[PDB]
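Visitor: Sending over a structure as structure tokens; questions will come in a sec.
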RNA sequence: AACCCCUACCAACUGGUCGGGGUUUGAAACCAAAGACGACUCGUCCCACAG
Ligand SMILES: [Mg+2]
């Protein structure tokens, strides 16, 4: 009933406190239910709350914009089942004891929602931190993992790390530890001398004058130690605590050092000073037109900037926030001016008719017309009609008629910004634009939900408070505001302008080349050195500028270089099967000139009559035939007076399409691998939770025994022992006989007709009763269902713990994204990125565990070898560690339920 | 869309039917914010320019 305005809570003490739409400085608690009560805390009759059917439902109704639109009746009642609504994992008590400690004696269900939001934060952070760690390990080029567990962390400063001999007291006088620190310092010294640091120029380089100069080693060591500490914190589930605890990200203010704090403050101050200089200088690009279109004085309309474009916030006299705005779909009609003029229209209803004159009467304006439009748009029922409200709103804002043609310190410094937000910004310094947007949006939404729940808790009678270890979440509103601010400018410049010979060789490699390394070095030197060894004069750098503007300065190429190898990606792009699938997938978006037609016109020519399939085939032929020798022989493209301009633009478009295809492939692979990364993170988290719960599970041997330990624990009684098999069978047979004898007391009395005792429904239901008795011993609401319990017990008897451990270890290291180049050309047919990723993973596991495996797993390996496609049974056997959660097990093992965006195809 | 919980009718109940609910299940409640998703034209990669 979200469309009618129902965001009600369920359990709070012994009453049902039905909440409503928050974030409006009003309507925090609408209805309160105790027994058969219908009393309302607030006034106004937002929605009806009469008890439907008087047994297990509350009939909700509304007056306008929230009609059921047909035969429908809304009903819900939490207290009908008796006790509080237990979580399906059966760990809400442990979660409340961990995060809240002495909660409201378990008689609440908003604390568990806050804890689930925290867990979602942890999942998304672990995913993106693993991605950033893999990117740093790939760009570093070293075989040794410099970010994973075992390397340096935020415990030692740069002075102690550089000179471990004079700081022997800090390392507990351990000679092995001192030797390890010396080895790590040697690796760090080799890391600074790596010319590939320009890829992470936002974190390891500083902009000053005209070139980029590497900052001091202090900041670089601080950033690397912060990344390593994040990597240690996201893996703090197998080990309880050795040096970095689980609350490290929350106690950073007490765990980090002044050096790391100063590094984060320096980064934040640098980016904020750049933003301030930009807002002071480049304002004339828009204020010159705004002064004529909805503008009186240059100091008046400029106040909206630095808060609208650089902050994406409102912070007006009302209570609406970034999540309570209207996208407006760019008015569905240049773009920069029209977006600001329309934003300036409905913003006056929050300052001109605000509480300065509206607080005296009930409402001066039409009850906050912005919030009223939000409520009218809140009718999520039949969302295919929400776009009609934008059309009606566009016909209402026509009174503007202004779209004819179309200084002080605003942002905080590094001191009044949380270390959490500064570390999130430093982490986004290692991610792409899409990844940054997704991560920051998820974090903003989760923190906003957390702060809303924390504001609702005291009014519904919940006095739960966070422990000292998790008291960081008390500032969730400030955290969300800082994250919104950071997201507003976290995508301003990925690469640097100081590209080197290494980057030139990488650009030549990704464009296709078979020359030796010495020949590549010579060709890269020819970009800046003449035929006599001197640097080229000004104006003779045409080829180098072209390569820069086409390859190195491309965000897609940056994403490709962070997660992949240029030669490997070039070998990937030579396969016509996958390229035709990617190009064919772009042609399917035309249902929403065409993109394929534009690509064919800009890359191949203005030929007509060619069908879509022929255009895709031609684009595949010109993309698979990509080679740098095409641009080398035509190096005369440096002339840009107008003759070779057509060929230059054609080459630009071809390179753009090539990089776009490879970027799509790699991004899909990474997004699919991140799902199983999050899955194994959840497996480890729930393992630790069930260990803290009081059950029998070995967190030390969950690696050797396979990650299916949680699945075996939640399945119930373990029957994986030959001596215990007969005992368990006899006990379950006795239980089934007792249940059959005791069933004859109710509507299942009809069992007296389905009995023949030879092989009929009698013995059939006897076996099914044995199965459900085995199922009732489960420890969670998922595996308590007899169907899923039987499926899990069948999957457990044929499990391969070594194969599961290998799959878990390879899912975190992105070995699929590493070895895709070696197994992409061994596929019979590519149907989707899901099947591609899983075939590559199974091929890697086979290459590692073919001669060592046996039993049914060898049959699945042989089937994969013969059929040249992924095996669904082998996949669902690898998802057994996910067996404790049935939705996750079904989403990560079934292709039709994996992707939510591709659900329309299935 | 998978899963879970519901009043009415059947149904070992590991089946279903009209409908509702789930931020307390899965990337995963409303509005927004991302993503699938590549573009179009006007402050982001236009070269009047930049090693
Ligand atoms: Mg959730």
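Numbering (our numbering), first residue to last: 1337 to 2242. Yeah, the Cβ is synthetic: ideal placement off N, Cα and C, and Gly gets one too.
Locate the beta strand (DSSP E) running through residue 1760, then write down its first and last residues.
Guide: From DSSP, residue 1760 is part of no beta strand (DSSP E) but of the alpha helix (DSSP H) over 1755-1764.
Visitor: Comparing C-alpha positions only, which one of 1986, 2020, 1700 and 1464 sits nearest to residue 2043?
Guide: 2020
Visitor: Mind checking residue 2017: buried by the 16 CB within 10 Å criterion, or exposed?
Guide: Here residue 2017 is buried. Its C-beta has 16 or more other C-beta atoms within 10 Å.
Visitor: Could you check the C-alpha separation between residue 2228 and residue 1857 for me, to the nearest Å?
Guide: Note on geometry: alpha-carbon atoms of residue 2228 and residue 1857 lie some 45 angstroms from one another.
Visitor: What would DSSP say about residue 1393, mapped onto helix, strand or coil?
Guide: Note: residue 1393 maps to strand in three-state DSSP.
Visitor: Whether or not the region 1760-1770 and the region 1528-1539 are in contact is what I'm after, with contact meaning three or more pairs of Cβ atoms, one per stretch, closer than 8 angstroms; do they touch?
Guide: yes
Visitor: What does the Cβ neighbour count give for residue 1839, buried or exposed, with the cut at 16 atoms within 10 Å?
Guide: buried
Visitor: From the DSSP output, in three-state form, read off residue 1833 for me.
Guide: coil
Visitor: Evaluate residue 1676 with the Cβ neighbour count: other Cβ atoms within 10 Å of its Cβ, from every protein chain shown; 16 or more gives buried, anything less gives exposed.
Guide: buried
Visitor: By the three-class DSSP mapping on this structure, what secondary structure does residue 1476 have?
Guide: helix
Visitor: For ligand 1, I want to know if residue 1452 counts as a neighbour, meaning its beta carbon is within less than 6 angstroms of at least one of the ligand's heavy atoms.
Guide: yes
Visitor: What would DSSP say about residue 1673, mapped onto helix, strand or coil?
Guide: helix
Visitor: For a test of the three-state rule: what should DSSP assign to residue 1664, helix, strand or coil?
Guide: helix
Visitor: Taking contact to mean 3 or more Cβ pairs, one atom from each stretch, closer than 8 angstroms, check whether the region 1553-1566 and the region 1593-1611 are in contact.
Guide: yes
Visitor: Hey, residue 1431 and residue 2116 are a contact pair by Cβ (cut 8 angstroms); roughly how many whole angstroms apart?
Guide: In fact, because the Cβ distance is near 14 angstroms, the residues do not count as touching under 8 angstroms.
Visitor: Suppose you measure from the CA of residue 1474 to the CA of residue 1457; what does that come to, to the nearest Å?
Guide: In a straight line, the C-alpha of residue 1474 is about 26 angstroms away from that of residue 1457.
Visitor: Just list the residues that DSSP pairs residue 1548 with in beta bridges.
Guide: 1543
Visitor: Do residue 1444 and residue 1352 count as a contact pair if the criterion is CB distance below 7 angstroms?
Guide: no
Visitor: What residues in its chain sit with their C-beta under 6 angstroms from that of residue 1994, if we drop five residues either side in the sequence?
Guide: Excluding sequence neighbours, residue 1994 sits near 1959 and 1962.
Visitor: What's the gap between the Cα of residue 1434 and the Cα of residue 1349?
Guide: 20 angstroms
Visitor: Under three-state DSSP, which class holds residue 2046?
Guide: helix
Visitor: If residue 2156 sits next to residue 1908, beta carbons under 8 angstroms apart, how far is it from one beta carbon to the other, in whole angstroms?
Guide: Right, their Cβ atoms sit about 6 angstroms apart.
Visitor: Could you please give the first and the last residue of the uninterrupted beta strand (DSSP E) stretch that includes residue 1369?
Guide: 1367-1369
Visitor: In whole angstroms, what is the alpha-carbon distance linking residue 1280 and residue 1459?
Guide: No answer is possible for residue 1280: it lies beyond the span of the chain, which begins at 1337 and ends at 2242.
Visitor: Please check the pair residue 1824 and residue 1647, which I expect to be a contact at CB under 8 angstroms, by giving their CB distance rounded to whole angstroms.
Guide: 5 angstroms
Visitor: Consult DSSP for residue 1695 and reduce its assignment to one of helix, strand or coil.
Guide: coil
Visitor: Report the start-end ranges of each alpha helix (DSSP H) in the region 1692-1738 that is 4 residues or longer and not cut off at the edges.
Guide: 1705-1713 and 1722-1730
Visitor: Reducing DSSP to helix, strand and coil, say where residue 2210 ends up.
Guide: helix
Visitor: Check whether the region 2175-2182 and the region 2197-2213 are in contact - that is, three or more C-beta pairs closer than 8 angstroms.
Guide: Contact between the region 2175-2182 and the region 2197-2213 is present, because at least three Cβ pairs lie under 8 angstroms.
Visitor: Given 8 angstroms as the limit, is there contact between the region 2080-2096 and the region 1406-1418, that is, 3 or more CB pairs closer than that?
Guide: no
Visitor: State buried or exposed for residue 1979, treating a residue as buried only when at least 16 other CB atoms are found within 10 Å of its CB.
Guide: exposed
Visitor: Give me, in chain order, the residues of the same chain whose beta-carbon lies closer than 6 angstroms to that of residue 1768; leave out the 5 immediate sequence neighbours on both sides.
Guide: 1895
Visitor: For residue 1400 and residue 1413, I'd like the C-alpha separation in whole angstroms.
Guide: 24 angstroms
Visitor: Taking the alpha-carbon of residue 1519 as reference, which of 1500, 1509, 2010 and 1505 has the nearest alpha-carbon?
Guide: Looking at the Cα atoms, 1500 is the closest of the given residues.
Visitor: Count the other C-beta atoms from every protein chain shown that fall within 10 angstroms of the C-beta of residue 1650, then say buried if there are 16 or more, exposed otherwise.
Guide: buried
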